[PDB]
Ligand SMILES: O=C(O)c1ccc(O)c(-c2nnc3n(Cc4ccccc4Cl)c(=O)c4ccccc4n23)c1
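Here we start with a single chain on its own, the form deposited without the named molecule, put down as structure tokens.
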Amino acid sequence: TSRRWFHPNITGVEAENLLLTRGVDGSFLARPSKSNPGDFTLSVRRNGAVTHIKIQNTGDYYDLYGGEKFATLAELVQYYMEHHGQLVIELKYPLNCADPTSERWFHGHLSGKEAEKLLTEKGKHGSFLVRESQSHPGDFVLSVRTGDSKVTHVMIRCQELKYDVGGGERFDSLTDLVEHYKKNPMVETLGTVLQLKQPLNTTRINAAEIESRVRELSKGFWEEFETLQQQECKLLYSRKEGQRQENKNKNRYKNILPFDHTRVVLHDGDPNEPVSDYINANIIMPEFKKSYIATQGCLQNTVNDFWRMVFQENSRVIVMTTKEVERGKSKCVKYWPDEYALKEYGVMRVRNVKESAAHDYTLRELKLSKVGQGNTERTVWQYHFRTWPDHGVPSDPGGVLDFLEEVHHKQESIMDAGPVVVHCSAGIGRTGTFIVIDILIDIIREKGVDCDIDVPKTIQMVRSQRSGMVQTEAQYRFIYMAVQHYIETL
């Protein structure tokens, strides 16, 4: 769609003078605080003045002050441009940004013998990249590879705040120049067409060389994460069944809803309950062989539906990464019985066989059966992580890594076990960090230390199945630290 209203490298003062000079009433934009990560601002001009609106994300959701909670900054703006629930404030005209730092083809300061190096070794027909001019003062050079082969270089000028290739149109930003020639490829005089199929991959690395990449990104991480965050715009899938009136009080958060293409559909429902097929949960498929279900912390009215999912999907392990109450607010109601006790959750029956307390988690062996038939009893192993902080992320990955290693071996011991149910508060942040780590680790086991891993490609592949998997840069960097830690221990 768009998402050009997000300006990554502007301050509070600059956002005003932009909206005050190059905008009108209804203009808006989002920006991160360069100072402290996790904080974002929504600058909207109304009645000749600008109105800044703070957005906080500690690792679970984007909390709009005086508003609601959303999964992505795209779904936030999309919800308000098509509504009014923001008091009123109007999001009419998005003030686009020209800074190409978050573009996946722009590689900033990059020389020519390095550019040909990556294009020849890792490129294919259509690979391209934009870089600052290594010859000139402040211009840019486009490099395109075509074949199965050659590498054509196209010089881009900067003439009075406009970019051009030495003839034709003068574009206001590098993106408009790139996006134009991805729509109208430059054709050389001898038939060679400069096709811009896909940007050059630079994030795909061998699993062995993981420490050196973490060494580079720490000089890096913020630039690559926001580059991935800019691609959240192509993930605005439908959430109809979640927005239905009958399902409004089944979501822990009003506007954190499951995608309609991967939502878990509750079958075998009550014929007297008019609507009993919905639950805030999504199917998670890797390389999209171990599957997942990213769901939310159970409300008091969703416990029966939650257990219906664990039964209908033949799940055997539940990974919970939140305390029942954090920061004084409710994150998840106790959906399991007390130890040595037996409870009925509608049509499902659950017995707490034994509870085992470790350093960083509690293990609850549970007995799940359906009321009626005698042979439906199955063992469900709940791994309730407790040492995850309310803010930020764990500083050392060794804690969560031992956690996932015990969860993996339990899943491997069970025959035809269903998908692993993971959930935190909203079931997108901490839950997403687990699944991505468990997905990347699961690759290292089968292929070894010498294999390809693509942290952003995996996260993007998971976000296309549930809104906003992995929330903050902290979780993004933590995943890198988690993968790196797993490989140093070999």
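All residue numbers are counted from 1 along the displayed sequence.
Omitted here: the form deposited with the named molecule bound. The next part is about that form.
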Self-check item: Listed residue (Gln382, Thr146, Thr175, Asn255) with a non-hydrogen atom within 4.5 angstroms of the named molecule in the bound PDB entry
Solution: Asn255
Quiz item: Which one, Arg157, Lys410, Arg239, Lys290, lies within 4.5 Å of the named molecule in the bound PDB entry by heavy atoms?
Solution: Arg239
Quiz prompt | Option from 337-345, 179-187, 410-418, 80-88 whose residues, in the bound PDB entry, bring a heavy atom within 4.5 Å of the named molecule | solution = 80-88
Self-check item: the named molecule contact in the bound PDB entry: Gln243, any heavy atom under 4.5 Å
Solution: yes
